[PDB]
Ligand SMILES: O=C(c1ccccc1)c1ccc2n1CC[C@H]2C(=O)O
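Just one chain follows, in the form deposited without this ligand, and it is written as structure tokens.
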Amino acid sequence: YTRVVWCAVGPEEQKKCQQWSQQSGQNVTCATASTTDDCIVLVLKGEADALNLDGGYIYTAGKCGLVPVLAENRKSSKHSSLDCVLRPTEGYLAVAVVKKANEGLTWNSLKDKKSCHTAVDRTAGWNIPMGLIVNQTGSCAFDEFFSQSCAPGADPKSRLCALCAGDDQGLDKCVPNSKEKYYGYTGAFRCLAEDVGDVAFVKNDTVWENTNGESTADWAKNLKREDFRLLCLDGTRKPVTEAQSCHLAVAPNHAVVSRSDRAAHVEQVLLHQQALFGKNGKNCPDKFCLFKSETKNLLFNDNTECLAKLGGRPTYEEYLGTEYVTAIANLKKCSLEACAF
């Protein structure tokens, strides 16, 4: 049944997809939508086959019967012989970052400050930090905790979208796709780097990849690691070198999902496609690389080493872990079980 339709979210992923489609001789084609939720609906309709999702969206996707297929895998020193494709995944660290110069700003003096989020419903940018905040404050009124935010996905007219910028021209303010200047892990850290916000909720890989000459992008050009700090839950402030001990939680890797009746087929074309355009593919650097997009994390995060088999053909709760499934459940009570479409 060898022909896979990828769902791209927004015009930039649409363009990267169209490119990949060409280089594959149409073994993969593209469908496009404005939001991740819409791409999820397309897959359900059967109009698209798969897409890579942050854990927060896997949860939405799972209640509707979509299943995790292969997971993103970057690389950790001690997990060495084992192949990337068979190596277990580690999950990433969700952290809260602040400007060093913002002396005296801790996890406990966050109320009324200005925040930068990857996008509503996402693990590091939303579910983990707001989960703790509802928790800590005993209030479901998370829309009144920060004076202002850029939380792609919220009501364009609420304070939660006040700090968002939209595209080149001011259009699409607060859309949960890359047209929004402060969308995703990158847009969010940018929102803080330009001091639009006091804190950004991203993952720890983001600070390292957009500081000390790693980014090339004009806004990240002069960023230095020592000018940032991580906020720990114990009210303390640490250098970004100490994330192992100052994170809010460890998140499950983004993963490709698809309808169960389509999973095997999706899995097979991907392992092949990967063999050709992944980290060491026949054709990567020279013609095309699935995992690169010059600091934008288009379709896939730019630090993905390979997509890996899951082992224990896990359901989505098994993939997310009970720990995280319950964090999302408790937070979702504020805004009991069904495909939400």
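All residue numbers are counted from 1 along the displayed sequence.
What comes next is about the form solved in complex with this ligand, which is not displayed.
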Is the binding site on this chain open or blocked for this ligand after its pose in the entry with it bound is superimposed by the nearby C-alphas, counting blocked as 3 or more ligand atoms within 2.4 Å of backbone or C-beta?
open
Scan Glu90, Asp112, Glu226, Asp195 and let me know which has any heavy atom within 4.5 Å of this ligand in the entry with it bound.
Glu90
Note which of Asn253, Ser258, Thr186, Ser178 lies within 4.5 Å of this ligand in the entry with it bound, where distance is taken over heavy atoms; exactly one does.
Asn253
Can you say which of 143-151, 159-167, 90-98, 187-195 gets within 4.5 Å of this ligand in the entry with it bound, counting heavy atoms only?
90-98
Since the partner is left out here, which residues of 267-281 would have a heavy atom within 4.5 Å of this ligand in the entry with it bound?
none
